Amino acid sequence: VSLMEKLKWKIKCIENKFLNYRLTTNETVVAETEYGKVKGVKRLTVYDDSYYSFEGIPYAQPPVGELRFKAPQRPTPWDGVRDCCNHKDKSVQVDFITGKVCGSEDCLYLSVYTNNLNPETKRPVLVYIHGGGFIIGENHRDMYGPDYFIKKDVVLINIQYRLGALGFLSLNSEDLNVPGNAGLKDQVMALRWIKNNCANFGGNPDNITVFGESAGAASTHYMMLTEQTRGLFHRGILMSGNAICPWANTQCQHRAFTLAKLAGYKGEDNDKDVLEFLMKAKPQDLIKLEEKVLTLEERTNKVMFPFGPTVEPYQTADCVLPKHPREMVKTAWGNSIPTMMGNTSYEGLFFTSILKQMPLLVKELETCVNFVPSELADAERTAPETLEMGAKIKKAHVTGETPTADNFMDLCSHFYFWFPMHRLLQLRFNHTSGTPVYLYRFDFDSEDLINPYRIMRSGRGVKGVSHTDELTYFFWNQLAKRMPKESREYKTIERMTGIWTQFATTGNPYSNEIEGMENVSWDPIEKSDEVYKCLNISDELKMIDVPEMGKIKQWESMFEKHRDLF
């Protein structure tokens, strides 16, 4: 990231701190939790609303020392009153702005928000799991501010969880108790905390909604797939992702060794000796070198991250993913709760920045063999069947004689987002009680209000609605500003938070009390549907057939001779 966005972000960081002090009140309050009493503070928003803020609530023991890479344990209760008037640190991660490593291993907290600590009726509880490829993200309010949501009468909860190698190291050897998915196991225990404690904040423990975007969407889906969370919540929202996205899981058991070797390990490739080195390495050293772990073959085969959610090698007490996600959908308790899914109208536009560094990537679309689903493609991507499959992809996105960056970014939309959504919907249909799934398409383009991901994707002055453009209309961030109430952006905030709270409440996203929705007939998706219908969200709200459907079926035809793998 540029030296200009570095000084610019440095300034907004200083501004966000003064604004946050300014927006604090003297009104402290205490709430009960099963671990003891917590002290929150009332805060202000730039729209002159206010909310109770409880930050730095521990939901697990700090995963330090011998607990590093291990499943989380319950925290230690306390007498007295724990101070929750400040945020704790984020998980150790590489700062996308500076490139420096920041964060702390002591990161396993959640934040609770609401405009009314003593509502006259129990409220819907909405749990947000942030994205960031399982390697970045946080629940800090400079990024995920609760300011738009607390205009509504809900309780909003933002959780953190271990990221990167510290979140997702995985070793085969059953003696060392590092099966994998530590970071997901963090999310589970946070759900168990929210279940047993939301009531103390005016929340309804019987009406809980978990949602998230990108890696947070994959997370949300995982919480809907695993047995560990059965019955914990009642609605799910999958925003631009799910667990069968190709980036949402990986077999990384061999990569521990490589990481150790990058960090200076001397010795042989066995898990024990590998683990012992990793256990005493400085945390920021491990995180900083994660970028180097993937081999060039793996990057070629479109492996996006070295460490992430994985099929655990053996089953233990807190196991989360005992089988590949496709297999888990077949028995998942979550198939039988109300579900909303969606994507933006130009997902792959996010990859503008990557192409800017590697224009050689656009040539991958000459045969598209690298984007063939890996389970179908051969190692070298050279088999004639693989060239055939690649040809089908090529027909779907290469508009001319030579591929462009746009063809590329359009393909990515499908490879990373729409095709997995399709595969999940069809698998789910053959294994579900018949609970509705609703689709949305986010199509609202604006440069007048942005969020920090636009700095990373280099989305400055770029038209089209990219992956993460929607977050702007859900959460406040330190790049936001007060918007005129008649503006298209303000309306979109109102609609977006309106639809989500409505879905959270009823398991049905439609409300006539939401502006623009008066002609809307939002029907869910049925197994018999050949064509998906979705609520397309732009300056107006309109039910349409998903525009991406033709390309979606093109991809599915790659599985013509391998229907068992679809």
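Counting begins at 1, following the sequence as shown.
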- Query: As stated in the PDB record, which stretch has the larger average Cα B-factor, 350-358 or 196-204?
  - Reply: 350-358
- Message: Test of understanding: from the entry's C-alpha B-factors, which stretch has the higher mean, 2-10 or 555-563?
- Response: 2-10
- From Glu380, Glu138, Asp443, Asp186, the top C-alpha temperature factor is at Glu380
- For the listed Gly133, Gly342, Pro77, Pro246, which has the peak Cα B-factor recorded in the PDB entry? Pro77
- Message: Ranking the modelled residues of this chain by C-alpha B-factor as given in the entry, is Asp106 in the lowest, middle or highest third?
- Response: middle
- Task: Among all modelled residues of this chain, ranked by Cα B factor, put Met549 in the bottom, middle or top third, i.e. lowest, middle or highest.
- Result: middle
- Taking the C-alpha B-factors as the PDB entry records them, is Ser53 in the lowest, middle or highest third of its chain? middle
- Note on the structure: For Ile499, the third of its chain by CA B-factor is the lowest
- C-alpha B factor of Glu470, ranked within the chain: lowest, middle or highest third? lowest
